[PDB]
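Novice: Supplied in structure tokens, the structure appears directly below.
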Amino acid sequence: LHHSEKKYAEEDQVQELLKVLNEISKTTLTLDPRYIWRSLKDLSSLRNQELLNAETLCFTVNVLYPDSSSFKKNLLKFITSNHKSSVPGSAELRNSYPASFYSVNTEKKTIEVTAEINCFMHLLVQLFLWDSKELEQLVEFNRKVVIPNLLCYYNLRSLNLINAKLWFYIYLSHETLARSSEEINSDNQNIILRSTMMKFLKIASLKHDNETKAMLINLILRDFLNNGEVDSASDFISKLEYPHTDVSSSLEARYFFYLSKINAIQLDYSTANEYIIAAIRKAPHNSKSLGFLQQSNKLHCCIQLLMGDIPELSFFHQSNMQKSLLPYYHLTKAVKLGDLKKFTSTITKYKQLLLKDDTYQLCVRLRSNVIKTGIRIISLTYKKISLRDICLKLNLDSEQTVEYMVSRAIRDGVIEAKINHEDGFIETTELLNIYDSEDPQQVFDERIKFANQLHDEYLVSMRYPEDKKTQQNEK
Amino acid sequence: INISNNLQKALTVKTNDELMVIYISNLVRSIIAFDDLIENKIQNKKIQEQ
Amino acid sequence: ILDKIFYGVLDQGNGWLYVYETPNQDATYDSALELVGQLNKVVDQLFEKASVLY
Amino acid sequence: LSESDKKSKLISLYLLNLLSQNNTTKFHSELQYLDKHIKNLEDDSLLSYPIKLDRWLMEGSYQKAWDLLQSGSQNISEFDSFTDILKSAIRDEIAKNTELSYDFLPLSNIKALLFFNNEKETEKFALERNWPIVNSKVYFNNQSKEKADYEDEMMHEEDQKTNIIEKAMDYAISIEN
Amino acid sequence: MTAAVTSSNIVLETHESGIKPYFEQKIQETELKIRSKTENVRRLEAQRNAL
Amino acid sequence: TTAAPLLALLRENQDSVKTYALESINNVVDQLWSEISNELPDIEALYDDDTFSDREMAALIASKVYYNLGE
Amino acid sequence: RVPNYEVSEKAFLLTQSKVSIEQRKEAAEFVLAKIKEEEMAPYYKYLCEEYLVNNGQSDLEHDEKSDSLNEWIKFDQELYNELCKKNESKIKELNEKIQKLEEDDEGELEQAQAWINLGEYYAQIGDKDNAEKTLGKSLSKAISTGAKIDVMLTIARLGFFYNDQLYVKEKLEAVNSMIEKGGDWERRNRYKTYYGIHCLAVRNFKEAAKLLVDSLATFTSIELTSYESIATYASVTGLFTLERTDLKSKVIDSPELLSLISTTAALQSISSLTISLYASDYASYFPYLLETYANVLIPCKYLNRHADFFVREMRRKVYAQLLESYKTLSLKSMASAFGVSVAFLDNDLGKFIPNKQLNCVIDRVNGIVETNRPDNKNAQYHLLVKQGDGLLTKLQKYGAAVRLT
Amino acid sequence: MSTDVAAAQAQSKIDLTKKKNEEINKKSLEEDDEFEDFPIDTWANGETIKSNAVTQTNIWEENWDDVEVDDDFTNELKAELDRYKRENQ
Amino acid sequence: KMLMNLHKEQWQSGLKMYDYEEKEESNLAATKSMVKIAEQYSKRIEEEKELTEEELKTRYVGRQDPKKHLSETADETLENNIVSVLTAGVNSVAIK
């Protein structure tokens, strides 16, 4: 019954044990171990649930414990204290094996290679708490222990790969609690949460590991977005240390999403385009990822429009995400037609939805874009029309009103016209040719540089598998 | 310069196409290496024996 | 005009007929559009050999 | 202790101060910080003022922007110390626009736009902004081109323009490497 | 693996633990060269083998 | 929190106000270094003054900021 | 065979709220009668589902509500008797007979052909899945190329019947390869008329047109809609695609069109619209347009959905043709010729300027319409950078996925 | 839903450990649920069931005719309104 | 050294060019010709279904390669247009 479940689970865990321990004891294999860990972890959290929830505890029982028995005993007891051979060090099935922690060696404290394993065991635990939503006290306790525990280590490269994943849950559980409900407790721990990440990021530069570094920059840029401190995000960007050397595709993808947000609130749109497109491309196109793509697609509307290019009607039409991007389709149509009344109506009705995604603050600014388009339309159609007629059409207040919109539009050059107040009409000064400008030179430069970029990327990549098959014996 | 870009885009297909063909050669070389690995399993028993 | 006999536009209001010679097109660009089309077919096809890989 | 009436009071003044430097970047940064707890808690009830104003400046709807100053009278205490700074700036933004929009205008129509109640105060702002009114007509055909040139003269990105010659070379080495 | 649960003579034990990866960091910035070396030497060598 | 109030308190005339402000910075010199980089010439200014008596901490605060940047 | 297309046309109209009551119910009688008669009763389960909250929506297998104007959605026990009666006789006969053709001693003639025989009965009653299975068995075994293409057309037709396009789409792409293997110019023609219809359903008139001129001369109707219908379809596609002179050759001087005359309400109106574009008649262009919307586009099952796109395009075409010919025009002048007011004209013009077909600015001071022309070498330049930009996206994304491997 | 052997189908993709990494990590921004959160709340539009899916998410390519919702009634009324004045002159 | 130099009006020639009528002609000929081998090029990659490099070349005539003739013709017109822009752009600003 209960005894059965423990042995069956523990065996499954031993298999996984073997694979990872061989790597670290045969010197770091760097990229390779990160790949192995994720796949094992997906399998393992799912396992944890069935055949008792003491699956994690079994593994701790048949291995040495520098500090792992203490944590496992705290967790168990909380979730109703239970005795079934579940007090670590109870059952013995190591039997003098270096692998499964030699009997003799431990007493003396001759072997102390548990550390990395400890990171991984905690790592499963953080994730199981999250799936359950029994985060709460259990999660806070793990977090407590684990901060002095990393500072007790003088870390190695393999262990940094694992702690880059611990760090993901540590940020998040604080967010989870704060996001339930504002608590006086939540405030105190935010300031704490910021400090510790900062501090650890300085150490992780020196040890020289990409994963710990990239991950920490990402968590901290997201911390900045919630608190409205754009300035602290800017100085942070300006640090410059964000590497590209071995960083996962998960970390880059999140990286670019944040960049898009940070530039747009401080009134730069140019550079936000490149990243909002990049961020869709690095992210994969699965259903479990669909949510992230819904976030990107909402942002893509604001960013694009403020720069002064209309994003595809098509892109939002022919998605499955069309219902999420239903209020947003209605933003795009309002701008297109130039109708003020339409845009105002949209943002009133859907206001509650828009606030969650944090697109709403960007929408106050998108008001400005609606108006310029309405007068842009009139200028293309009509070369000479009296500003009297322009007032009627877009339902503006006076003759002074109509002048001051059009006057600003031409400073930025968007309408490109000339106002005549003593000949009583606006006359378009549109040249509207770019084939007898030095402009095409400037476009073609980007296209050519991108193309060569790819020719090199084919060349470099091509060789590495060829080399490996050559090492292996074949005819 | 337009023609240089359009001509260069042709060359972007050429270079990329070849990439797939090498990974085909790598694919074949692992089956061949497997047959070798089987022959070499047998060879090791001879070594012990003799 | 529409039958393309003399290739001009008749200015109604000033009672003039502007006569123009044959509109030119950059033959070089026109052939560039024919090339681009072919290239788009070919890359779908690249991808089809490139899914046997995985 | 995050609630006081002077909290709303001061928030409004800080923001007025960001507009009056004429850097809307420091404004939007502050605005994202204010929009959570603080803005909802105190509600808008003097917050309404610096936010609507700022908006009327993105638009180029100075008729609304100039109007807001006047409604400042009703809450008068120390909002006057920013309103004076804001007028000269509101007038400045218009003058920037007027250059490119058109090139010459009668004296009465310039007065109307830059907001003065006397024709003479219009010509005084002319001389400060270095623009000649002669025979009651402004000219930008000379002036606009002059000011842009002295400013546009720089020796740190004017030796970087990216030559045609340079672009040909740059392509060239990418093919054989 | 290093410990810092217990310390003795006013963090003497862990003062020494802190400065041993910092001595070896000099050697690790030189190892980042040798780690791009492995990839580029095998790259141009296979290139030399087809020629 | 933000360390910007502490930098603002540097500007005030009494020596007493500034010495206390620099100590507060030190609690979170690697832990909240972002603002200090930007307003760094003030801390240096306080080192260069020979009438300032907490020169020694101003040099340290600076030292730390350059360590965090990568410099 | 023949019953399958003609019932579905009429049934679609039963769905429409765009046709008049009179018309809708003229159709509704034809539907119900020929389903009970030929045993299309399995399809009738589908069709109730298809009407459902447009017009028709009181049912004994779907939504109960009184905003139905149709009784020809509603089930009957007369219908249920019909189902059962016919099904059991026919089926019983045909299963035992077929089985023996395959049973006895001959697998290249008799076994292949028997599967066609199952297939006729499934195709008759409109069950798609079970028609796809049997006719798979015939194709799989080895037979004439001609039979292989012919069998496959029937499967395609079942998609066209259901008003589902993805199903057609899968079928005719396969067939297309087998055409040059048989070397049959007869069944290339029969292929063309099918592909015509497929291109027509989706928005792509460009291919439709090339094929539809071909379908006037040659086709023999094999589970497809009349030659009156096809002739009408050729007219509509003709205006859209082809310039003035090609409009003249291919439509007006077509021996095929000339020899079929105008014998239906829809052909009568469309032939009138072709002539007036060509004649630089402008008065009768707007009247002819309203009549073609009602009497051509709406009664279609393929240009009822493209109605909005089509009417927007011709409106843009007529304005374009006059401007292409005229350096200056007056708003009053242009508007008299068309038969609309000056005000009504100005709107429609200013709507279409940003869409870059018209290429004209319009002054309100003097009321003159100046005609600019920025399309030339400059035009071809915008297209190239845009398509090239897209191509670049494709190269990086396919590339990066493989390099990882 | 599998067709042929499973050999061809292991040769056309083996799932990546890289994708596993991307998916879970993104989920933190996606909150507790944000994959079905929006179409749960809005009830997938409050409108008639009908039988077409060419209003939104059409099979054929999206061309702009969202501008006018029906310019055919409008063009009718315009023509008829001039019609009167003309005739009665 | 005498033997290595073979020209003396090499300096003059490197800053001359032809008439620009035949340059435009080469650019058109190049683009139009690459369409015609691009058509074949699509057909070629329909195949590549026959085991062994040699078998492919013998059986489906893999030697008459469309691949080879596109790459080479693209290369030729491409390299030429780099030089053409380079020469002409030097000439206007240097001389004047």
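If you're wondering about the labels, chains in the structure tokens are A, B, ... by order shown, residues count from 1 in each chain, ligands from 1 in order shown.
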I need the chain I residues near chain C as a VMD selection string; criterion: at most 9 Å, counting only C-alpha atoms.
Specialist: chain I and resid 24 to 25 27 to 29 31 to 32 34 to 35 38 to 39 41 to 42 45 to 46
Novice: Now that the selection is made, can you save its residues with C-alpha atoms as a tab-separated table (two decimals), in the first residue's frame?
Specialist:
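Wrote it out as again.tsv, contents follow:
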chain	number	residue	atom	x	y	z
I	24	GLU	CA	21.75	48.09	-68.42
I	25	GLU	CA	21.50	45.52	-71.01
I	27	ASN	CA	21.68	43.67	-65.85
I	28	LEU	CA	18.37	42.82	-67.71
I	29	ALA	CA	19.88	39.78	-69.43
I	31	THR	CA	17.83	38.77	-64.22
I	32	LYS	CA	15.72	37.40	-67.10
I	34	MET	CA	18.09	33.38	-63.93
I	35	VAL	CA	14.19	33.13	-64.11
I	38	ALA	CA	14.94	29.08	-61.70
I	39	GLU	CA	12.10	27.24	-63.28
I	41	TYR	CA	15.74	24.65	-60.21
I	42	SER	CA	12.30	24.05	-58.58
I	45	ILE	CA	14.46	19.59	-55.82
I	46	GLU	CA	11.30	17.65	-56.50
Novice: Within 10 Å of chain A, which residues of chain H are there when counting only C-alpha atoms? Please give them as JSON, numbers by chain.
Specialist: {"H": [16, 17, 18, 19, 20, 21, 22, 23, 24, 25, 26, 27, 28, 29, 30, 31, 32, 33, 34, 35, 36, 37, 38, 39, 40, 41, 42, 43, 44, 45, 55, 56, 57, 58, 59, 60, 61, 62, 63, 64, 66, 67]}
Novice: Tell me the residues of chain I close to chain A, meaning within 12 Å using only C-alpha atoms, as number ranges by chain.
Specialist: I: 78, 82, 85
Novice: Could you write out, as JSON, numbers by chain, all the residues of segment 32-164 of chain G that DSSP marks as alpha helix (DSSP H)?
Specialist: {"G": [32, 33, 34, 35, 36, 37, 38, 41, 42, 43, 44, 45, 46, 47, 48, 49, 50, 77, 78, 79, 80, 81, 82, 83, 84, 85, 86, 87, 88, 89, 90, 91, 92, 93, 94, 95, 96, 97, 98, 99, 100, 101, 102, 103, 110, 111, 112, 113, 114, 115, 116, 117, 118, 119, 120, 121, 122, 123, 124, 125, 129, 130, 131, 132, 133, 134, 135, 136, 137, 138, 139, 140, 145, 146, 147, 148, 149, 150, 151, 152, 153, 154, 155, 156, 157, 158, 159, 160, 161, 162]}
Novice: Residues of chain B within 8 Å of chain A, counting only C-alpha atoms, what are they? List them as a PyMOL selection string.
Specialist: chain B and resi 1-2+4-5+8-9+12+15-16+19+22-23+26+29-30+32-37
Novice: What's the 10 Å shell around segment 2-16 of chain F, counting only C-alpha atoms, without same-chain residues fewer than 2 positions away, as number ranges by chain?
Specialist: A: 191, 229, 232; F: 18-25, 28-29, 32-36, 39-40, 42-43, 46, 51-54
Novice: For residue 407 of chain A, please output as a compact mmCIF listing (two decimals) with C-alpha atoms, in the first residue's frame all residues within 12 Å (counting only C-alpha atoms; exclusion window: fewer than 2 positions along the same chain).
Specialist:
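Final output, saved to part_3.txt:
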# COMPACT_ATOMS: atom_id res chain seq x y z
CA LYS A 372 -3.56 62.99 -37.26
CA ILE A 375 -6.70 64.98 -41.26
CA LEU A 387 -10.02 75.00 -43.45
CA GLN A 400 -8.24 78.24 -34.50
CA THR A 401 -8.59 74.49 -33.59
CA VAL A 402 -8.30 73.22 -37.10
CA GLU A 403 -5.14 75.37 -37.57
CA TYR A 404 -3.23 74.10 -34.54
CA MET A 405 -3.64 70.38 -35.22
CA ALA A 409 1.35 67.77 -38.03
CA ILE A 410 3.64 69.53 -40.42
CA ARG A 411 6.48 70.09 -37.79
CA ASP A 412 6.74 66.33 -37.67
CA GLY A 413 6.06 66.27 -41.37
CA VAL A 414 3.33 63.68 -41.28
CA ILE A 415 0.66 65.71 -43.32
CA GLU A 416 3.23 67.78 -45.18
CA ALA A 417 1.19 70.75 -46.37
CA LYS A 418 1.22 74.54 -46.18
CA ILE A 419 -1.60 76.58 -44.51
CA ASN A 420 -2.71 79.80 -46.14
CA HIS A 421 -4.75 82.08 -43.89
CA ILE A 426 -4.79 74.66 -47.18
CA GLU D 59 -2.15 66.69 -29.83
CA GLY D 60 -0.95 70.25 -30.69
CA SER D 61 -4.27 71.49 -29.32
CA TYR D 62 -2.83 74.59 -27.60
CA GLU D 93 5.84 75.25 -29.25
CA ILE D 94 3.44 77.21 -31.55
CA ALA D 95 6.36 79.31 -32.92
CA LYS D 96 8.20 76.08 -33.76
CA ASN D 97 5.16 74.84 -35.68
CA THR D 98 4.50 78.19 -37.51
CA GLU D 99 7.84 78.12 -39.26
CA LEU D 100 7.26 75.00 -41.31
CA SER D 101 3.52 75.41 -41.71
CA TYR D 102 3.66 78.66 -43.71
CA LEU D 113 -2.11 82.64 -32.66
Novice: Work out how far atom CA of residue 232 of chain G is from atom CA of residue 270 of chain G, in Å to one decimal.
Specialist: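 So the answer is 7.1 Å.
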Novice: Report as an mmCIF file with C-alpha atoms, in the first residue's frame the set of chain G residues whose atoms approach chain C to within 6 Å, with distances computed over only C-alpha atoms.
Specialist:
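iface20.cif, written as the output of this step:
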data_model
loop_
_atom_site.group_PDB
_atom_site.id
_atom_site.type_symbol
_atom_site.label_atom_id
_atom_site.label_comp_id
_atom_site.auth_asym_id
_atom_site.auth_seq_id
_atom_site.Cartn_x
_atom_site.Cartn_y
_atom_site.Cartn_z
ATOM 1 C CA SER G 325 -8.204 59.318 -70.154
ATOM 2 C CA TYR G 326 -8.632 62.902 -68.737
ATOM 3 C CA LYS G 327 -6.040 65.242 -67.303
ATOM 4 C CA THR G 328 -8.749 67.560 -65.865
ATOM 5 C CA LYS G 377 9.492 53.108 -62.060
#
Novice: One number please: atom CA of residue 189 of chain G to atom CA of residue 113 of chain G, in Å, one decimal.
Specialist: 24.0 Å
Novice: Please provide the set of residues having any atom within 12 Å of segment 9-25 of chain G, restricted to only C-alpha atoms, with same-chain residues fewer than 4 positions apart removed, written as a PyMOL selection string.
Specialist: (chain G and resi 3-5+29-35+43-44+46-57+68-73+160-163+224-226+229+293-302+304-305+307) or (chain H and resi 50-52)
Novice: With DSSP run on the backbone, what are the strand (DSSP E or B) residues within segment 284-376 of chain G? I'd like them as a PyMOL selection string.
Specialist: chain G and resi 326-330+361-362+368-370
Novice: Please dump the current selection as a tab-separated table (two decimals), in the first residue's frame; keep N, CA, C and O atoms.
Specialist:
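again_10.tsv written:
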chain	number	residue	atom	x	y	z
G	326	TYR	N	-8.39	61.47	-68.96
G	326	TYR	CA	-8.63	62.90	-68.74
G	326	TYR	C	-7.70	63.56	-67.78
G	326	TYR	O	-7.74	63.21	-66.67
G	327	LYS	N	-6.92	64.54	-68.17
G	327	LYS	CA	-6.04	65.24	-67.30
G	327	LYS	C	-6.87	66.10	-66.37
G	327	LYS	O	-6.59	66.19	-65.13
G	328	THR	N	-7.90	66.81	-66.79
G	328	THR	CA	-8.75	67.56	-65.86
G	328	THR	C	-10.21	67.22	-66.11
G	328	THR	O	-10.55	66.87	-67.22
G	329	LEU	N	-11.10	67.32	-65.11
G	329	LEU	CA	-12.50	67.13	-65.17
G	329	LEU	C	-13.11	68.10	-64.18
G	329	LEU	O	-12.49	68.61	-63.24
G	330	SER	N	-14.47	68.41	-64.27
G	330	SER	CA	-15.13	69.21	-63.19
G	330	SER	C	-15.89	68.15	-62.45
G	330	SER	O	-16.19	67.11	-63.08
G	361	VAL	N	-6.03	64.05	-57.29
G	361	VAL	CA	-6.34	64.93	-56.10
G	361	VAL	C	-7.63	65.64	-56.57
G	361	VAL	O	-7.90	65.68	-57.80
G	362	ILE	N	-8.42	66.21	-55.61
G	362	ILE	CA	-9.63	66.99	-55.94
G	362	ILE	C	-9.64	68.28	-55.18
G	362	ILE	O	-9.47	68.41	-53.97
G	368	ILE	N	-12.14	71.51	-59.83
G	368	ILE	CA	-11.47	70.80	-60.93
G	368	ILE	C	-10.91	69.59	-60.20
G	368	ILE	O	-10.72	69.58	-58.98
G	369	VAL	N	-10.63	68.45	-60.89
G	369	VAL	CA	-10.11	67.19	-60.40
G	369	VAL	C	-8.85	67.05	-61.23
G	369	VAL	O	-8.94	67.00	-62.47
G	370	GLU	N	-7.64	67.11	-60.60
G	370	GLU	CA	-6.33	67.10	-61.33
G	370	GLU	C	-5.90	65.66	-61.30
G	370	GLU	O	-6.24	65.00	-60.29
Novice: Let me make sure I understand: among G:159, G:391, G:363, G:400, which one has the smallest atom-to-atom distance to chain A if we use only C-alpha atoms?
Specialist: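 So, comparing all the options, the nearest one is G:363.
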Novice: If you count only C-alpha atoms, which residues fall within 9 Å of residue 335 of chain A, apart from same-chain ones fewer than 4 positions away, as a VMD selection string?
Specialist: chain A and resid 305 310 330 to 331 339 to 340 342 to 343 366 to 367 369 to 374
Novice: Since we have the selection now, will you write its residues out, keeping C-alpha atoms, as a PDB file, in the first residue's frame?
Specialist:
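Now in again.pdb:
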ATOM      1  CA  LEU A 305       0.820  52.846 -34.654  1.00  0.00           C
ATOM      2  CA  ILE A 310      -0.587  50.774 -39.558  1.00  0.00           C
ATOM      3  CA  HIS A 330     -11.355  47.883 -32.889  1.00  0.00           C
ATOM      4  CA  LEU A 331      -8.389  50.205 -31.991  1.00  0.00           C
ATOM      5  CA  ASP A 339     -12.775  58.720 -36.448  1.00  0.00           C
ATOM      6  CA  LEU A 340     -12.306  60.119 -32.930  1.00  0.00           C
ATOM      7  CA  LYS A 342     -15.036  55.439 -32.556  1.00  0.00           C
ATOM      8  CA  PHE A 343     -11.673  55.248 -30.543  1.00  0.00           C
ATOM      9  CA  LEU A 366      -2.842  56.389 -29.090  1.00  0.00           C
ATOM     10  CA  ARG A 367      -5.513  59.016 -28.922  1.00  0.00           C
ATOM     11  CA  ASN A 369      -2.563  59.021 -33.554  1.00  0.00           C
ATOM     12  CA  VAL A 370      -6.353  58.857 -34.289  1.00  0.00           C
ATOM     13  CA  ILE A 371      -6.676  62.636 -34.890  1.00  0.00           C
ATOM     14  CA  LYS A 372      -3.561  62.994 -37.259  1.00  0.00           C
ATOM     15  CA  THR A 373      -4.926  60.119 -39.458  1.00  0.00           C
ATOM     16  CA  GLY A 374      -8.325  61.857 -39.719  1.00  0.00           C
TER      17      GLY A 374
END
Novice: Would you kindly return, as a list in words, each protein, DNA or RNA residue with an atom no farther than 10 Å from any atom of residue 24 of chain E, considering only C-alpha atoms and excluding same-chain residues fewer than 5 positions away?
Specialist: residues 207 of chain A; 19 and 29 of chain E
Novice: Output the contact residues of chain I with respect to chain D at a cut-off of 12 Å, based on only C-alpha atoms, as a PyMOL selection string.
Specialist: chain I and resi 75-76+78-94
